[PDB]
Amino acid sequence: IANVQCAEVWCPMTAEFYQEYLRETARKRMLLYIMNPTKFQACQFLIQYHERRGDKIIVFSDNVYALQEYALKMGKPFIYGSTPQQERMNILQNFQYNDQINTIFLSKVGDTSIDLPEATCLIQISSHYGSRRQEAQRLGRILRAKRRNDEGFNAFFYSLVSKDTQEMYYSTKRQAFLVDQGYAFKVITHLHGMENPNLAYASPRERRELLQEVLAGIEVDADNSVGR
DNA sequence: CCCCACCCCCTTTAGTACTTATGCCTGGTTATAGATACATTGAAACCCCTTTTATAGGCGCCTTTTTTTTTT
């Protein structure tokens, strides 16, 4: 069946983002480790790497502010709570059947339930308190073998983690849980050859633009999307 | 170091008011089928042509004659 490589990708906090992360005490600070430009660049690189392989990729964001900043910047479709049934089905049908559209962004509305589509790669932008078990379930529902029976791994799960933030605490936990569940698991601190790609936020000024936008957000913007 | 108090959260479900689509029925004029106005080519139906020899009324129409009225 699907043979899944699980990885955490540890990304340093940009010093400007780390500065504010410390100073801010309300849940607003979650947005600084979520939008950290090193983490965005890692996500962007992984989408490029996998799209070159014609893999299908779902990127999960539990936070709507982040869902849009990522998807719109990377020019990928996104689905969340207010997305109409018609537009949602357009996007899912595109993901499933149109070879030009192989990456989509989905929020907490994905699990569960509408029918999560199948993919070969699942990237989680964030990690939080506290459901290790909902993560493995979603991984299981989404990931299908890329049709590479010879290969060691034919599907891929990545969880992006910001260093020096509360995100890391969730890591020793996730690693233990996933391996105990029978998964191959590793920690990636440096993505081989990100410097051969043209990724966003190469300049301090572009990072500062995003930083201003994050600082303008409120504690409400840093809550997970809730849905019943 | 231990106990008590305060702060922040997610749980999902029940209310009636408000908006959108479907069925409702309703006022023009347009598209159909056949007959009417009628007009078509077709045909049949119609009177018309050749005269005679006698009888004797009525018929209408002609130019010349006589009488009456008008004007000078």
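Residues numbered from 1 in each chain as written, not as in the entry; some residues may be left out. Chains lettered and ligands numbered in written order. Part of a larger assembly, values for the part shown. Heavy atoms only, no water.

Per the deposited record, the coordinates in this entry were obtained by cryo-EM to a resolution of 6.00 Å.

The name given to chain A in the PDB entry is DNA REPAIR HELICASE RAD25, SSL2, with Saccharomyces cerevisiae as the source organism. Its official PDB title, as written in the record, is "the P-lobe of RNA polymerase II pre-initiation complex".

Glancing now at the pairing of strand β6 (residues 155-162). The buried fraction of β6 is high, at eight of eight residues. Burial along β6 is two-sided: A155, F157, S159 and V161 facing one way and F156, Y158, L160 and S162 facing the other are all buried. Where strand β1 (residues 4-11) and β6 come together, eight bridges link them in parallel fashion. By the bridge assignment, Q5 is partnered in β6 with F156. (Buried < 20%, exposed > 50% of the residue type's maximum accessible area, 1.4 Å probe, protein only. Helix = DSSP H or I, 4+ residues; strand = E, 2+ residues; numbered from the N terminus. Pairing = 2+ DSSP bridges.)

Moving on to the nonpolar core. Core analysis: the biggest nonpolar cluster contains 44 residues, and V9, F105, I123 and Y158 have the highest contact counts within it. Counting residues per element, this core draws most heavily on helix α3 (residues 37-51), at seven residues. For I123, the residues in contact, after removing those within four places along its chain, are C43, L46, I47, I57, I58, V59, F60, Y158 and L160. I91, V109, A136 and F185 belong to the second largest nonpolar core, which has 23 residues in total. (Core = buried A, V, L, I, M, F, W, Y, C linked by side-chain atoms within 4.5 Å. Contact = heavy atoms within 4.5 Å.)

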